[PDB]
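Student: so I've got this experimental structure, pasted below with the sequence.
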Amino acid sequence: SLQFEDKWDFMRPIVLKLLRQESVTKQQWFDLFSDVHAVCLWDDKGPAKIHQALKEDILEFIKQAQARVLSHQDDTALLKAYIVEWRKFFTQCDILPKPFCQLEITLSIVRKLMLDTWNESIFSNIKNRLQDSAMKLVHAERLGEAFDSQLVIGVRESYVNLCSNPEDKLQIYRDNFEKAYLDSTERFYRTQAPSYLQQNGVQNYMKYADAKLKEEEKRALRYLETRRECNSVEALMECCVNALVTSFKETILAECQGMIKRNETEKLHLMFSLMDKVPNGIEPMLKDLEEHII
Amino acid sequence: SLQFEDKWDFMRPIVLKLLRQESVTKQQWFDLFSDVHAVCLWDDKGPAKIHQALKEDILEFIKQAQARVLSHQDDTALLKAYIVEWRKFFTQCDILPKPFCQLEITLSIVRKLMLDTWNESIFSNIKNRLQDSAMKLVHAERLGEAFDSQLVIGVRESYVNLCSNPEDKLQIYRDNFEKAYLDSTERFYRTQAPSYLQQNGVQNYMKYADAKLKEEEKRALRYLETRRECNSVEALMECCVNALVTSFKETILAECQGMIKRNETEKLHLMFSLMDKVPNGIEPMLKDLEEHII
Amino acid sequence: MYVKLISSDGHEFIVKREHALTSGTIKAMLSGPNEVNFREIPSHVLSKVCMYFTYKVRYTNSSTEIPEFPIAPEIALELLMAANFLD
Amino acid sequence: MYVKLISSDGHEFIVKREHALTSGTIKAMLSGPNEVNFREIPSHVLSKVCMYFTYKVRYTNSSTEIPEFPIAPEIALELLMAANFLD
Amino acid sequence: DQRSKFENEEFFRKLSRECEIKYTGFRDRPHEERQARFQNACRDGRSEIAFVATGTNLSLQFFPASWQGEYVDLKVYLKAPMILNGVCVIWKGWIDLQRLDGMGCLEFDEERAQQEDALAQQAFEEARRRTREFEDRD
Amino acid sequence: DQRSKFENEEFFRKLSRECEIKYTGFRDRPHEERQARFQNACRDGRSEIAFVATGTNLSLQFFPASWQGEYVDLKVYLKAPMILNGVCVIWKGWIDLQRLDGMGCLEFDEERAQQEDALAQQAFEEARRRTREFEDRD
Amino acid sequence: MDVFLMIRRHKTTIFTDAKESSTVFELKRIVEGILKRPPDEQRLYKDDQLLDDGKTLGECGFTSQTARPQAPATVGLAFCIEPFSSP
Amino acid sequence: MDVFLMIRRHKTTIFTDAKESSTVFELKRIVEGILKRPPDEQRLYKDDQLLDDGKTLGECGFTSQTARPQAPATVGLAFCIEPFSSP
Amino acid sequence: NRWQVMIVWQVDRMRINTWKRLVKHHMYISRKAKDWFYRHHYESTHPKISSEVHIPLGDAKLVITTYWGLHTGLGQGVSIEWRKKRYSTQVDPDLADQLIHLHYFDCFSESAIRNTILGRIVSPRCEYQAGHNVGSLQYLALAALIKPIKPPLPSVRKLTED
Amino acid sequence: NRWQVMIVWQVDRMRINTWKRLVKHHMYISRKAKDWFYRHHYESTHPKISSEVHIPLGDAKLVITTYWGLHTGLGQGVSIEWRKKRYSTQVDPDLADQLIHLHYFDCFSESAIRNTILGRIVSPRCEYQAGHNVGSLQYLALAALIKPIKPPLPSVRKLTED
Ligand SMILES: [Zn+2]
Ligand SMILES: [Zn+2]
């Protein structure tokens, strides 16, 4: 009575509409639910035929999207097309696996299928390009040219989500793009800090350092992943502090006596904040305080 | 102004009245309190003179009481005289040391003085006689001739109280009279049980054993010391059980099968009570119960 | 906050929200693109399904004594079909 | 249940029982053979002694802040004598 | 998980209602000696004592630890550490003498919850949650 | 002794009245970042936090165990084992986020009361009870 | 322990929760207010008695033993009853 | 926190305890009943006001600040006042 | 005075002797319980342990202990435990039955739903009805469609009752 | 995250610096405190321990610890302990003073009551008035009869206040 071939003809258009990010309706969605359950139950080979049809449609749409994406030879155009297409694809991959709950139970495999297909289609070939473009955009942003944050956020979340390695969810992401981010940020502060310190002054350097620390914190909160914070944000601002304040701790302790004999409130707040970061930085200013005591 | 010699003349009669178990008055008692405090304070050697006068009067009265006690050459007359005199003396020793609280604080030594004086006066010479007479009275009582329990109770409490050795309060008492009590009771049950078991019967032996156990428990509660129960009552009924029921456990286990095939309620209660006493008496009756099961 | 479960004929078996989410397929159905349509599940099955939903949500922790669910064999096969779809 | 503390002149300074037992000599005096006679302790010191009894029994656990006991030096030596006798 | 099972599961809901407990024993025997036996059994660790919780057959029972191969307390103290139903609990039901009656309630055992084995607890929870029906592959 | 000191001594009478506590800190700074610092300091053991008990200078304070040479809890849990005034106590005063306010109370530490050294406790009690005045012999 | 009741309003089959000692007033305000049906221009028609008119605790405090989860009672509402599907 | 008061009945100097919000009725029944003195054939004579006649909470709820352990207030009684001894 | 606390359920002798009979019959005569163990009291020096029916639930093991001289239960008792490598926890009768059914007794296999829905036969059944303490509606429906041993199966909810 | 809890009393920097001055003066210049000890902050690697005044109370020892960077106490703190052979207990200021007075500073002797009662002189006196937190009526009377250092004695109740 009920077989895969008797209803797959009606099944396919709704699957394609869900896949290709098109407008859909609730009633058709519930009819699709009932149809997939009935085909999974009655037909002896119904689940297998459903799975192979799903994989065929997934592969076809992934090939179409990949062909569209590779059309843009320009790096920035390719980046914007890739982020738009990935956002729509990821919304679909969040929506798509819900109908095939009966298929999943009998044998989510659908979400893994989508993620792996998109990965092996596009990510495996343009991961390096996306990475370098992301660092270029983020370093331009840190220079003072604000850009579209959603692009870098989507790049990062594609890195965290499309990790084929099942040992850790964010293994490839954390051990490639996160460490590249730390190295890039460290080199930017290494290039920038001595010039500002030598030119603008001392208290100017401290206030600029505080402002840049706040900006780096907010950019770590927004750009860098915060769903799990797996040694990412902590490593980022730890490298920031060990590249700025641990770097110029000699200047800080040199001016510590001047602060002690001059009673700067902002500098006091700064060193109170920075005792915790330095593993053994407490002793300079506390010994200066006791020299005041003695 | 105030000296020992100026008021000891008035002090002495009230001390003697308190000592010799005579009628006294509250007002004289409070005047004695005030006088002893004033003499202890003002006179430089007042406390020492008070102490030596007290020791002199204590020794004199103890000598008088000892001379009175040794007058009765008869063992029973000496027993009754000794218990009466000791009861009055111990009441005084409970009452006497309260007035000399100031004397005690400046240097209860009074209670120890009374106890040691009476001990070295009378107990050191008639302890063996009192012990053997107490055993005679207690074994006559267990035979069925009820006697004056207060005599043996006073003997026991004099043993517990007049112990000169300060390592333990009841050491001499517990390791002389208590062990003599255990030995006497054990020999009495050893002499009595086999005859009744052979003559009266089996269930008669069990009911008599229960009745005698209850009687021994009540006599341990009354006669034997219960203020501390320092390994005394536990040792007593433990020796009773290991001389009666642990002794005839072979007969008990022989009749256990008869009970199991006859369902005696009183025997059931008796064995249920006696499981805990015997270290390994559970196995016979429970193996018989399983033989019923098997 | 209730969920409206429209049966095949058109009966509405509106049930408290927290009861309906005991079945996985309902949870997956509400998500994505109230109103839920059950054309294969008629009254004499959906009624008992929602009733079992209430019975299960309340008698799930009471470890003392849980009374059984007496259901007639006249609807038992259709009820198994509904429990295979929803649950 | 109170204790009647008759002073030298004849004043009765009847105090709650639980207060009076804070002094050892009172405890030893009541025992054996109410009524207690204080011929060497007159009003102007016995009053302060019983008053200190109340003050001490109530302000003995309050570790927060215990106010001091202001007593005039005009009666201080007799009060030391009474505190040497009773306490 | 265990910290939340207290407030949802019904076994401890019906147990931790400040329930009444009563020492069962030699009720056939005279009360005077029944109370005497209760006292001389509670004082020492050479007997056994039970508490029937006044109505059901669910009764706690205490045995000397020498019979086997946070500590327990037996004045009027009846501390009981036990992992009831896989979740650690503590029972502080005192008893009243001269009446052979008392109260009882359960409390969470935080120390063992933070110190007992975690892999074993997870294994027990997994084994308790799952169901045998429709499990074996056919 | 310690089991009775709770109900008579006044230090714990004034402490175990379900007292209000408030985290002191960077109040000069804004409330939002103050909450952020409270959260990121309470979550991890690399800072310090205090609670002033709303009115006095008697404030608890937590320093990480790495700074030095029954365990503590820091969700909204603030278990604190400490022998206050010679008698073991336990403090279970939770805090409320988004308001920097909370509650507090003390409870007896039975486990340490039955497991801490007895000779040292007796020595401390003897040293606490006695008085220096009229002691040295002259 | 409470008793679960449900509404049979013509085509509607509201399934909800009721307390053991609920009053008609609180029953009408919210419990049957899912379909935005305030007591105005409406009257409950529980069986033939119709639960009187309302504000009555004599019958609204129905026992939990008559309406067990397996077969809880009906109430009904209007301003008819749809027959359930037959096997 | 309460306030401690004493009775000065001619020769008698009852020392006892009073609560902060005590009423005259409960003060007379037991607190001054140590010498078996019921309110019948007696009236308290607190200072000149004599605490009115009784059953008054306006003044009987005396503050604990006015009377302290070191120096508590007096009440007095009759149906005179003995002077304390002088140094 | 040391002391260990063990929750027990007073049980009339009848139930315990019939449970012992059933366990010993199933373990040896039948084949359903050929995997369990048995420890009598002469190998258990504990003064009250009368018997122990050991259930090797795979990695862990359930142990049911019966007592001899409970105070007017002559009065016996039962206590159910889940012992696993020096980690022992008490367990109520319903959960003990549920854990027992997880391994030994039979149940409609995963392929026992589509077979009955489409009218085919069902190969395995559920002889341990008592091992299903509420279940999924599929279970209730299937048990109604397929309504379920001459020597009764050993359950621990029949025992602790009364 | 490991964590240890220690009760502290917020104290203004004045009180703590004047207490340090008094302790260092009495220990070295005076002879009343020639028995105590002192641990500065450079020999204490703890990030907040600023100073420790060690009081060898015979067999046991009292230890008073001062803190550097309390959150707006720059804000210091103090915590009083009675450490004895790996058994450390917290102690309130009044009890700390009482235990301090038990050994170090001289106090009326046992022969200081009859001497004043009879009018003779009193040889020892009580310079640690603050060490007497209520006392026996003999103490109150004697202190009134004999009403009591130019460099003030170090007390721990003057400090924790405010
Ligand atoms: Zn089954
Ligand atoms: Zn002093």
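Tutor: Ah, there it is. Residues are numbered from 1 along each chain as shown, chains lettered A, B, ... in the order given. Ligands and ions are numbered 1, 2, ... in the order given.

Student: residue contacts, the nearest residue to residue C:39 once chain neighbours are set aside?
Tutor: In this structure, residue C:39 finds its nearest non-sequential neighbour in residue C:8, 4.8 Å apart by C-beta to C-beta, 6 or more residues apart in numbering or on different chains. C-beta: built from backbone N, CA, C; applies to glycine. For residue C:8, the contacting residues are C:38, C:39, C:40, C:41, C:42, C:43, G:85, taking C-beta atoms under 8 Å, 6 or more residues apart in numbering or on different chains as the criterion.

Student: try 7 Å this time
Tutor: Residues near residue C:8 by C-beta atoms under 7 Å, 6 or more residues apart in numbering or on different chains: C:38, C:39, C:40, C:41, C:42.

Student: cool, and residue G:20?
Tutor: Neighbouring residues of residue G:20 by C-beta under 7 Å, 6+ apart: G:1, G:2, G:3, G:61, G:64.

Student: please report how far it lies from residue A:173.
Tutor: Shown here: residue G:20 relative to residue A:173, a distance of 56 Å by C-beta to C-beta, to the nearest Å.

Student: quick check: buried residues in the helix or strand where residue A:188 lies?
Tutor: Under the criterion of DSSP states H and E, residue A:188 resides in helix A:179-199. Within helix A:179-199, the residues that count as buried by 16 or more other C-beta atoms under 10 Å in any protein chain shown are A:181, A:182, A:184, A:185, A:186, A:188, A:189, A:193, A:197.

Student: nearest residue to the fifth one other than its sequence neighbours?
Tutor: Nearest residue to residue A:186, sequence neighbours excluded (C-beta to C-beta, 6+ apart): residue A:243, at 4.7 Å.

Student: and if you look at the second one?
Tutor: Nearest residue to residue A:182, sequence neighbours excluded (C-beta to C-beta, 6+ apart): residue A:239, at 4.8 Å.

Student: for the residue nearest to residue A:186, grab the count of nearby residues.
Tutor: By other C-beta atoms under 10 Å in any protein chain shown, 18 other residues sit near residue A:243.

Student: which positions in the helix or strand hosting it come out as buried?
Tutor: Per DSSP H and E, residue A:243 falls inside helix A:233-244. Within helix A:233-244, the residues scored as buried using 16+ other C-beta under 10 Å are A:233, A:235, A:236, A:237, A:239, A:240, A:241, A:242, A:243, A:244.

Student: quick one: the strands in chain G?
Tutor: Taking DSSP state E as the criterion, chain G carries its strands at G:43-44, G:77-78.

Student: now mean neighbour count and distance to ligand 2 too, for those strands, in CSV please.
Tutor: What follows is these, written out as CSV (neighbours: other C-beta atoms under 10 Å in any protein chain shown; distance: least, C-beta to the ion, whole Å):
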stretch, mean neighbour count, distance to ligand 2
strand G:43-44, 18, 85
strand G:77-78, 16, 87
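
Student: ok, the residue nearest to residue A:182 to residue A:139 distance?
Tutor: From residue A:239 over to residue A:139 the distance is 15 Å, taken as C-beta to C-beta.

Student: re earlier: can you narrow the contacts of residue G:20 to ones near chain A?
Tutor: Residues of the contacts of residue G:20 in contact with chain A (C-beta under 7 Å from any C-beta of the partner chain): none.

Student: restricted to buried residues, select those in ChimeraX.
Tutor: Only the buried entries of the contacts of residue G:20 go into this ChimeraX selection, using 16+ other C-beta under 10 Å:
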select /G:3
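
Student: tell me the phi and psi of residue A:17?
Tutor: phi -60, psi -40 (degrees, to the nearest 10).

Student: helix/strand/coil for the closest residue to residue A:290 other than its chain neighbours?
Tutor: In space, and not counting its chain neighbours, residue A:290 is closest to residue J:41: 7.0 Å by C-beta to C-beta, 6+ apart. Judged by DSSP: H, G, I helix; E, B strand; the rest coil, the three-state class of residue J:41 is coil.

Student: give the contact list for residue J:41.
Tutor: Contacts of residue J:41 (C-beta under 7 Å, 6+ apart): A:286, A:290, J:49, J:50, J:51.

Student: which parts of chain C sit against chain G?
Tutor: So chain C meets chain G at C:2, C:9-16, C:42-44, C:47, C:50, C:54-55, C:58-59, C:69-70, C:74-75 (C-beta under 7 Å from any C-beta).

Student: out of these, which end up buried?
Tutor: C:2, C:11-16, C:42-44, C:47, C:50, C:54-55, C:58, C:69, C:75.

Student: residue of chain C nearest ligand 1, please.
Tutor: Of all residues in chain C, residue C:68 sits closest to ligand 1, at 14.7 Å by C-beta to the ion.

Student: no, scratch that, I was asking about chain G
Tutor: Closest point on chain G to ligand 1, by C-beta to the ion, is residue G:70, at 21.6 Å.

Student: which parts of chain E sit against chain B?
Tutor: E:46, E:47.

Student: so the residue nearest the centre of chain E, which state does it fall into?
Tutor: Nearest to the mean C-alpha position of chain E, counting by C-alpha atoms, centre = their mean, stands residue E:60 at 5.3 Å. Secondary structure state of residue E:60, per three-state DSSP, is strand.

Student: can you count the residues close to the closest residue to it other than its chain neighbours?
Tutor: Leaving aside its sequence neighbours, residue E:60 sits nearest to residue E:51 (C-beta to C-beta, 6+ apart; 5.1 Å). Using other C-beta under 10 Å, residue E:51 has 24 other residues around it.

Student: what segments of chain E are strands?
Tutor: Under DSSP E, chain E gives strands at E:19-21, E:49-51, E:58-63, E:79-84, E:87-92, E:95-96, E:101-104, E:106-108.

Student: tally of neighbours for residue I:88?
Tutor: A count of nearby residues for residue I:88, using other C-beta under 10 Å, gives 16.

Student: can you pull the contacts of it?
Tutor: Contacts of residue I:88 by C-beta under 7 Å, 6+ apart are I:81, I:82.

Student: once you drop chain neighbours, what's closest to the residue in the stretch 101-250 of chain A that chain D sits nearest to?
Tutor: Here the stretch 101-250 of chain A gets closest to chain D at one residue, residue A:210, 45.1 Å apart by C-beta to the nearest C-beta. Closest residue to residue A:210 apart from its sequence neighbours, by C-beta to C-beta, 6+ apart: residue A:270 at 6.5 Å.

Student: mind listing what's buried in the helix or strand encompassing that neighbour?
Tutor: In the assignment (DSSP H and E), residue A:270 maps to helix A:265-274. For helix A:265-274, a neighbour-count test (16+ other C-beta under 10 Å) marks A:267, A:270, A:271, A:274 as buried.
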